[PDB]
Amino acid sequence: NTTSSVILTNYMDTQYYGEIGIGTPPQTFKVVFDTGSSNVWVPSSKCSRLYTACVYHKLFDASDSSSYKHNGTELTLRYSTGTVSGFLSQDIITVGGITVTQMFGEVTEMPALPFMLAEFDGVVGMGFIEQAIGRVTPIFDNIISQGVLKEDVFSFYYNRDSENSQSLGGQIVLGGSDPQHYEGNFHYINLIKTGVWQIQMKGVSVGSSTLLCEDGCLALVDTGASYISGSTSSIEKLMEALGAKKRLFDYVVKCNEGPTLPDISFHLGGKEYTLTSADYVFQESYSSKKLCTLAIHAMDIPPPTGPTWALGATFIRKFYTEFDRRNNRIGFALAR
């Protein structure tokens, strides 16, 4: 009978991270809570300073923790936008009043691109042990083993960005869901398969037409991804209907065209989940001379997880998301 809310910071609507403590005394780290991966890692004090990303981030020093336990097994974590490498270490980790003995990665190789653009230091995988590298027990499995949570679930609220600092960037509840940050009722979709936060998606419509995901596709619900992503061929067609021009990494429209772009809907479990243009364009201007980025990207995720769409922070911002380990399902409700 315990819940645990961790307050998240929202950087520019693209990064959402909260604080954890590792060691004794606690060394604090900004970390993304990430259902698209299953390992915990933070930068290490053994990371050569020729990696400038390690110069600009908090580094874990095992020599300052009395509760540290050595392992030393090498590990590499491959994310869709970048890679980190290092070795395994055990210590106590605090996540919102819960304390857990956890195996995590001390990262000694941390590419400047993209990690010099990271406001966060590391990542907390909220995914399953089946996708864990080195078969390291994920942190939420260790918390479940304590038997202190009311429900074996966790939930994500990602707020819109704000100019002031009185609005919360977001929130992860461990052991439940916060009714202050959603309205209406949860609508649940079973996982295709345990081991991945991935569900069946029946269709994707853009405007007055269902031009995408005909006959079906996959949808990984990914709190560690900034954007909604689809396959390269799915997105070239999505962005033809929008009128966006393919820039280097992102897509863009003329800023004045932003508000008139069509609704994009996502058919999940007998319910339509609809984003307006306000939800997926970074409306920085109304000028026909400036360019505005869309919060939708192309990403070709390889098997066995893909090929699939990924519903990242663009989607979760609109729909409060409950991840349910007990019944292997994902619930969505309108965020507030």
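Position 1 is the first residue in the sequence shown; the rest follow in order. If you superpose the two forms and keep the largest set of C-alpha atoms that fall within 1.5 Å, you have the rigid core.
**Q** Do you reckon 244-252 or 222-230 strays further from the shown form in 9 other deposited structures of this protein, measuring C-alpha RMS after a core fit?
**A** Taking the RMS over all superposed structures in 9 other deposited structures of this protein, 244-252 lies farther out.
**Q** Core fit done; bigger CA RMS in 9 other deposited structures of this protein for 298-306 or for 52-60?
**A** Between 298-306 and 52-60, greater C-alpha deviation in 9 other deposited structures of this protein belongs to 52-60.
**Q** Specify whether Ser167 falls into a modelling gap in a third or more of the other PDB entries of this protein.
**A** yes, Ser167 frequently unmodelled elsewhere, at least a third of entries.
**Q** With reference to the PDB entry, specify whether the mean Cα temperature factor is higher for 199-207 or for 116-124.
**A** So the stretch with the higher mean C-alpha B-factor is 199-207.
**Q** Of the two stretches 93-101 and 161-169, which shows the higher Cα B-factor on average in the entry?
**A** That would be 161-169.
**Q** Quiz for you: based on the deposited Cα B-factor, which of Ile228, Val153, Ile192, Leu220 is highest?
**A** Result of the comparison over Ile228, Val153, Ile192, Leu220: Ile192.
**Q** Which one of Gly36, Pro43, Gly306, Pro26 shows the biggest C-alpha B-factor in the PDB entry?
**A** Most elevated C-alpha B-factor of the set, per the entry: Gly306.
**Q** Among the modelled residues of this chain, does the Cα B factor of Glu272 put it in the lowest, middle or highest third?
**A** Tercile = highest for this residue's CA B-factor.
**Q** Should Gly224 be placed in the lowest, middle or highest third of its chain by the C-alpha B factor in the entry?
**A** For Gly224, the deposited C-alpha B-factor lands in the lowest third.
**Q** By the recorded C-alpha temperature factor, relative to the other modelled residues in its chain, which third is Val55 in?
**A** Within its chain, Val55 is a lowest-third residue by C-alpha B-factor, going by the deposited values.
**Q** So where's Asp300 on the chain's Cα temperature factor ranking, which third?
**A** Highest third.
**Q** For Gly82, does the deposited CA B-factor place it in the lowest, middle or highest third of the chain?
**A** Lowest third.
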